[PDB]
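Worksheet: one structure, shown below.
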Amino acid sequence: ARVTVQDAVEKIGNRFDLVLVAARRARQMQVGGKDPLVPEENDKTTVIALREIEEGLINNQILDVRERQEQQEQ
Amino acid sequence: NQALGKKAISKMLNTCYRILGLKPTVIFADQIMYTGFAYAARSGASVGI
């Protein structure tokens with residue numbers, strides 16, 4: 001669980017774009033067709049996406065290139 | 001090392017935010033409120049005639 005999101009704020013700094021990025025990642029991990037890249041601690045997908053952002057393996061650029069890679073695969 | 005009269009404690013919270021960050025000052029505020037309640041109960045302050 002993440003009490004504060006300051007690390008996510010400082011990973012990519014807007015306090016506004018991180019909401020969009022985390023919402024997109026949570027949609028990916030919630031509607032299906034995606035698995036968390038960070039160990040799952042029985043918590044909800046929102047904080048899982050936030051922790052992925054904080055640990056630096058989820059951002060806008062790599063999400064876009066992942067979209068491109070799965071688009072080219074099919 | 002003062003009396004902490006509602007102005008030094010707010011100043012210390014402001015300095016903790018400005019120097020350390022957000023999580024440390026949140027934990028510090030929670031601990032301050034815990035210890036303030038506990039020691040106010042211990043002191044047994046009361047108002048009489």
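As shown in the structure tokens, the chain order sets the letters A, B, ...; within each chain, residues go from 1, and ligands are also counted from 1 in the order they appear.
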Exercise for the section: Give me, as a list in words, the contact residues of chain B against chain A at a cut-off of 10 Å, counting only C-alpha atoms. Expected result: residues 21, 22, 23 and 26 of chain B
The selected residues should be written to file as a JSON list (two decimals), in the first residue's frame (atoms: C-alpha atoms).
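Wrote it out as result.json, contents follow:
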```json
[["chain", "number", "residue", "atom", "x", "y", "z"],
["B", 21, "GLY", "CA", 10.10, 15.82, 2.34],
["B", 22, "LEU", "CA", 6.47, 14.67, 2.59],
["B", 23, "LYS", "CA", 6.43, 11.14, 4.03],
["B", 26, "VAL", "CA", 3.55, 13.08, 7.69]]
```
Practice task
Extract, using only C-alpha atoms, all DNA, RNA and protein residues at most 12 Å from region 54-60 of chain A, discarding same-chain residues fewer than 4 positions from it, and format them as a ChimeraX atom specification.
Solution key: /A:2,4-13,17-26,36-39,47-50,64-67
Practice task
Pull the helix (DSSP H, G or I) assignments for chain B out of DSSP run on the backbone, and list those residues as an NGL selection string.
Solution key: :B and (8-19 or 23-43)
Handout entry: residue 28 (chain B) environment, 10 Å, only C-alpha atoms, sequence neighbours closer than 6 positions dropped, as a count of residues only
Key = 6
Region 7-11 of chain B surroundings by only C-alpha atoms, 12 Å radius, close-in-sequence under 5 positions cut, as a PDB file with N, CA and C atoms, in the first residue's frame:
```
ATOM      1  N   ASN B   1      14.492  22.423  22.112  1.00  0.00           N
ATOM      2  CA  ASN B   1      14.954  23.003  23.368  1.00  0.00           C
ATOM      3  C   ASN B   1      14.236  24.315  23.661  1.00  0.00           C
ATOM      4  N   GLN B   2      12.906  24.305  23.589  1.00  0.00           N
ATOM      5  CA  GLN B   2      12.090  25.481  23.874  1.00  0.00           C
ATOM      6  C   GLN B   2      10.826  25.019  24.593  1.00  0.00           C
ATOM      7  N   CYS B  16      10.537  20.680   8.849  1.00  0.00           N
ATOM      8  CA  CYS B  16      10.616  19.270   8.485  1.00  0.00           C
ATOM      9  C   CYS B  16      10.127  19.041   7.062  1.00  0.00           C
ATOM     10  N   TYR B  17       9.044  19.715   6.667  1.00  0.00           N
ATOM     11  CA  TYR B  17       8.596  19.610   5.280  1.00  0.00           C
ATOM     12  C   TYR B  17       9.639  20.188   4.331  1.00  0.00           C
ATOM     13  N   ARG B  18      10.157  21.378   4.638  1.00  0.00           N
ATOM     14  CA  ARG B  18      11.040  22.061   3.699  1.00  0.00           C
ATOM     15  C   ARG B  18      12.398  21.383   3.568  1.00  0.00           C
ATOM     16  N   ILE B  19      12.843  20.661   4.589  1.00  0.00           N
ATOM     17  CA  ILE B  19      14.182  20.081   4.605  1.00  0.00           C
ATOM     18  C   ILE B  19      14.167  18.616   4.182  1.00  0.00           C
ATOM     19  N   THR B  25       7.565  14.079   7.096  1.00  0.00           N
ATOM     20  CA  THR B  25       6.809  15.057   7.871  1.00  0.00           C
ATOM     21  C   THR B  25       5.410  14.552   8.203  1.00  0.00           C
ATOM     22  N   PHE B  28       6.054  12.355  11.107  1.00  0.00           N
ATOM     23  CA  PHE B  28       6.404  13.210  12.235  1.00  0.00           C
ATOM     24  C   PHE B  28       5.171  13.874  12.832  1.00  0.00           C
ATOM     25  N   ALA B  29       4.253  14.345  11.985  1.00  0.00           N
ATOM     26  CA  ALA B  29       3.022  14.946  12.485  1.00  0.00           C
ATOM     27  C   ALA B  29       2.173  13.923  13.228  1.00  0.00           C
ATOM     28  N   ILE B  32       3.836  13.286  16.551  1.00  0.00           N
ATOM     29  CA  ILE B  32       3.649  14.442  17.420  1.00  0.00           C
ATOM     30  C   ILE B  32       2.254  14.429  18.021  1.00  0.00           C
ATOM     31  N   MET B  33       1.238  14.138  17.205  1.00  0.00           N
ATOM     32  CA  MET B  33      -0.130  14.158  17.713  1.00  0.00           C
ATOM     33  C   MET B  33      -0.354  13.025  18.712  1.00  0.00           C
ATOM     34  N   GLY B  36       1.518  14.056  21.933  1.00  0.00           N
ATOM     35  CA  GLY B  36       0.830  15.156  22.580  1.00  0.00           C
ATOM     36  C   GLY B  36      -0.409  14.696  23.317  1.00  0.00           C
TER      37      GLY B  36
END
```
